[PDB]
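Report on the structure given below.
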Amino acid sequence: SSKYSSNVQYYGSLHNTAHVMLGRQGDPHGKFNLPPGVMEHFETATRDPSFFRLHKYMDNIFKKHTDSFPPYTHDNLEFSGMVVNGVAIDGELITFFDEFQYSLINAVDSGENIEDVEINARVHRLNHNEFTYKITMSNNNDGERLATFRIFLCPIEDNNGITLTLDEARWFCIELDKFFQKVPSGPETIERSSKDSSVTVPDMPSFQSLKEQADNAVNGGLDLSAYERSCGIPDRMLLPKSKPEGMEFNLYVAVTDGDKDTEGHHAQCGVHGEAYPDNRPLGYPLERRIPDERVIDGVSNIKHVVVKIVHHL
Amino acid sequence: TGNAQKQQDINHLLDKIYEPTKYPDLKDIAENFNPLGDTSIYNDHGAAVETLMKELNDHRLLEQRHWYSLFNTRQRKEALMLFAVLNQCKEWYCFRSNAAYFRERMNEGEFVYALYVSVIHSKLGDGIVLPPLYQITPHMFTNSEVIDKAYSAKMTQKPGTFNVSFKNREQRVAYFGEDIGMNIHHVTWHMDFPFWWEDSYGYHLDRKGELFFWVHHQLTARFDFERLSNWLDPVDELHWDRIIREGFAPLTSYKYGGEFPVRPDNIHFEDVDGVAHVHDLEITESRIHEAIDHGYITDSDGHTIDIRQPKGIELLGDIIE
Ligand SMILES: [Cu+2]
Ligand SMILES: [Cu+2]
């Protein structure tokens with residue numbers, strides 16, 4: 001329920017309300033005067049399990065709409081000329097567990113003439129190793145042509161191990177990258193890196209770090225201007241955790257037609273009124289019912305190759 | 001006419017209601033009158049009269065010395081036909097006559113109800129003050145004990161006066177609900193502005209809607225207050241999906257009928273045959289709650305009538321009650 005709501009008096013606010021409703025669960029009538037709960041705050045809901053429960057429910061509210069559209073035709077997907085020739089991971093997908101450190105200092109109150117003792121906190125975070133995509137493909141077109149490089153990492157068996165269907169699994173896919181590049185009139189071989197991904201943001205500079213460096217530019221005559229726009233998920237989060245034994249996921253490279261995409265206009269974190277640059281709806285083209293895979297499979301500009309992820313203990 | 005006349009007649013009509021009248025005039029009337037032989041006294045050319053008769057004749061009207069609730073869709077219709085005669089009388093000769101003629105072969109409840117509403121709304125009942133229900137039909141306002149004490153007085157022909165009765169409940173805020181004055185008002189308020197009024201009857205009760213909203217908001221408020229004064233907490237709102245937490249035993253009796261049925265506590269709402277399903281409310285409640293939330297009430301055609309205005313709350317009271 002944001003304020004762009006058409007009839008807020010009628011459709012009220014499912015999702016916000018569902019946040020406060022799940023948190024006083026510990027004290028509804030508030031006979032205990034327990035403060036708010038983990039779910040009634042954004043820096044902290046991901047903590048509680050029902051967070052994911054409640055969002056699965058909002059998810060399939062949307063999936064219901066999402067899914068009322070007629071599946072896409074062959075002429076729907078194809079971007080004539082363009083054809084993904086091969087898809088390759090240059091490097092290794094290996095995920096493991098780093099260690100990180102932040103500072104508990106704003107936490108302890110130390111008032112005055114009593115001095116500051118450096119206290120810190122050390123946490124255990126996941127991580128993978130940079131890797132690079134070698135996308136092999138010819139532009140049968142006479143032209144030069146723009147191109148949206150859309151790459152989702154979907155699943156393949158069940159955990160019963162039943163093996164799904166890019167119907168059962170289309171909706172299960174996580175966006176890995178999205179980028180626009182011109183593809184010259186023949187045999188090219190696009191190379192791109194874990195690093196350059198568009199859904200990622202590096203860790204952030206520490207506070208003392210941004211203190212030191214602000215401070216040294218006073219007494220001096222600042223550009224980091226890398227963290228002024230924030231949206232993404234941690235680079236460490238790029239790929240999923242996996243098995244030490246390793247699993248095979250399915251990589252989806254779908255290349256759509258830049259000129260119609262970007263038929264109009266950071267633009268990643270439109271924080272300031274900046275028109276989202278892509279025009280395809282979101283999750284394109286796996287956002288729609290895919291009844292017979294028979295189809296995804298016969299558009300030149302869509303290609304799927306199985307990758308394998310391993311977890312170092 | 002007069003009034004000390006109209007009045008007299010009334011008093012006679014409503015005397016010892018549970019038994020054929022002892023006032024001789026009322027009875028030769030009761031016998032000799034024919035509501036169908038001078039269709040002229042009636043402003044309908046007696047369509048009303050001719051409709052009661054038809055029923056009275058096929059004898060398909062509720063029996064005498066039997067109970068009657070104003071909630072019974074038939075009992076109501078019958079009661080309300082008497083209203084419709086009494087109502088289109090040009091003068092007293094026609095009222096007295098009917099509310100005599102009928103008084104003697106129509107059921108008492110329909111009758112008491114009919115006479116009052118008729119006196120209250122009909123053009124012809126200005127001068128009159130109606131006796132207090134509580135003394136006309138004391139079983140509905142008097143205890144089950146005092147009533148029996150009274151039957152004993154009578155059996156033995158020894159007079160008396162008995163003291164009525166009312167630490168274990170919330171029959172601590174009882175003095176409010178069981179008062180013969182409130183009970184009166186509550187019925188009167190609903191005689192004044194009946195739910196069954198059609199503007200065919202003659203005029204239009206103005207804001208019965210807001211009136212309805214309000215009158216119940218105040219009993220509800222007045223009630224909440226008394227419980228305040230009794231270390232009691234404001235009243236729970238009733239839900240159809242929950243238990244009826246707090247039940248009572250009324251210890252009250254009908255004249256003809258038996259003793260009012262009692263309710264055990266912590267009971268579950270049962271689907272009641274003939275009236276309506278529990279769920280039937282739940283949905284009604286929804287339909288209601290969606291008008292409020294949309295901004296409009298939608299009629300039979302699919303015409304949305306707006307209520308986000310002053311006439312609002314009455315239109316709402318028209319659909320709610
Ligand atoms: Cu949320
Ligand atoms: Cu009422």
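Of note:
- For segment A:173-241 versus segment A:1-47, the gap between their alpha-carbon centres in whole angstrom: 33 Å
- Kirkwood hydrodynamic radius over Cα pairs of segment A:19-173, then Stokes diffusion coefficient at 25 °C and 0.890 mPa s, in µm²/s: 110 µm²/s
- Cα-centred dipole magnitude for chain B, charges only on beta-carbon of K, R (+1) and D, E (-1), debye, nearest 20: 1400 debye
- Ranked by how many other Cβ atoms sit within 10 Å of their own Cβ, fewest first, the residues B:208, A:31 fall in the order A:31, B:208.
- Residue-averaged 222 nm ellipticity for chain B, from DSSP H runs of 4+ at -39500 (n - 2.57), nearest 500: -13500 deg cm²/dmol
- Local electrostatic count, residue B:145, Cβ distance below 14 Å [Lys/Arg +1, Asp/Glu -1]: -2
- Considering only B:234, B:304, B:174, and ranking their Cα positions along the charge dipole of segment B:166-321 that arises from unit charges at the beta-carbon of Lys, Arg, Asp and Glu, the one farthest toward the positive end is B:174.
- Residue A:145 sits among other residues whose Cβ lies under 10 Å from its own Cβ, and their net charge, with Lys and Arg +1 and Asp and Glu -1, is -3.
- Distance (nanometres) between label positions extended 7 Å along Cα→Cβ at residue B:139 and residue B:72: 1.2 nm
- Per-residue Cβ neighbour counts within 10 Å put A:53, A:145, A:24 in the sequence A:53, A:24, A:145, beginning with the fewest.
- Extension gain for the segment residue B:273 to residue B:211, taken as residue separation times 0.36 nm less the Cα-Cα distance, is 19.2 nm to one decimal.
- Applying a DSSP loop filter and a limit of 15 other Cβ atoms within 10 Å to the chymotrypsin sites (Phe, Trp or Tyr not before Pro) in segment B:1-54 leaves B:18.
- Here segment B:166-321 is treated as an ellipsoid with the same Cα gyration tensor; its semi-axes, largest first and in whole Å, are 31, 21, 19.
- Prolate/oblate/rounded call for chain B, Cα gyration tensor, a/c under 1.5 rounded: oblate
- Qualifying GluC sites (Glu not before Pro) in segment A:73-119, DSSP loop, other Cβ atoms within 10 Å at most 13: A:92, A:99, A:112, A:115, A:118
- Loop sites in segment B:225-290: trypsin sites (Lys or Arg not before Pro), DSSP, at most 16 other Cβ within 10 Å: B:242, B:245, B:255
- Listing B:166, B:83 from fewest to most neighbouring C-beta atoms within 10 Å gives B:166, B:83.
- A simple charge model with +1 on the Cβ of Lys and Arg, -1 on the Cβ of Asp and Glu and nothing else charged puts the dipole of the protein assembly as shown at about 1920 debye relative to its Cα centre.
- Classification of segment A:113-200 by its C-alpha gyration tensor yields an oblate form. The axis ratio a/c (a ≥ b ≥ c) is 1.5 or more, and b/c is at least a/b.
- The phi-based Karplus calculation (6.51 cos²θ - 1.76 cosθ + 1.60; θ = phi - 60°) puts the 3J(HN,Hα) values of segment B:201-211 at 4, x, 7, 10, 6, 2, 10, 3, x, 5, 3 Hz, whole numbers, x for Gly and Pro.
- Whole-angstrom gap from segment A:95-132 to segment B:169-195, using each part's C-alpha centre: 70 Å
- For chain A, the dipole from Cβ point charges (+1 on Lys and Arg, -1 on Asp and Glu) about the Cα centre works out to 1000 debye, to the nearest 20.
- Shielding value for B:287-294 is 1, the average number of Cβ atoms from other chains within 10 Å of each residue's Cβ.
- For segment A:1-109, the relative contact order is 12 percent, taking Cα pairs closer than 8 Å that sit 6 or more residues apart in sequence and dividing their mean separation by the residue count.
- Pairs from the table (B:22/B:255; A:241/A:308; A:178/A:260; B:54/B:77; A:64/A:178) lying more than 18 angstrom apart at Cα are B:22/B:255; A:64/A:178.
- In this calculation the C-beta distance from residue B:154 to residue B:195 is compared with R0 = 35 Å, giving a FRET efficiency of 0.40.
- Label positions at residue A:106 and residue B:237, each projected 7 Å from the Cα along the C-beta direction, are separated by 4.1 nm.
- Shape of segment B:19-134, Cα gyration tensor, a/c cut at 1.5: rounded
- Euclidean distance between Cα centres, segment B:6-69 to segment B:271-321, Å: 39 Å
- Label positions at residue B:288 and residue B:161, each projected 7 Å from the Cα along the C-beta direction, are separated by 4.3 nm.
Please note: Cβ atoms are built from the backbone with ideal geometry, for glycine as well, and neighbour counts cover all protein chains shown. Read-outs: derived from the displayed coordinates by stated rules, not from any lab.
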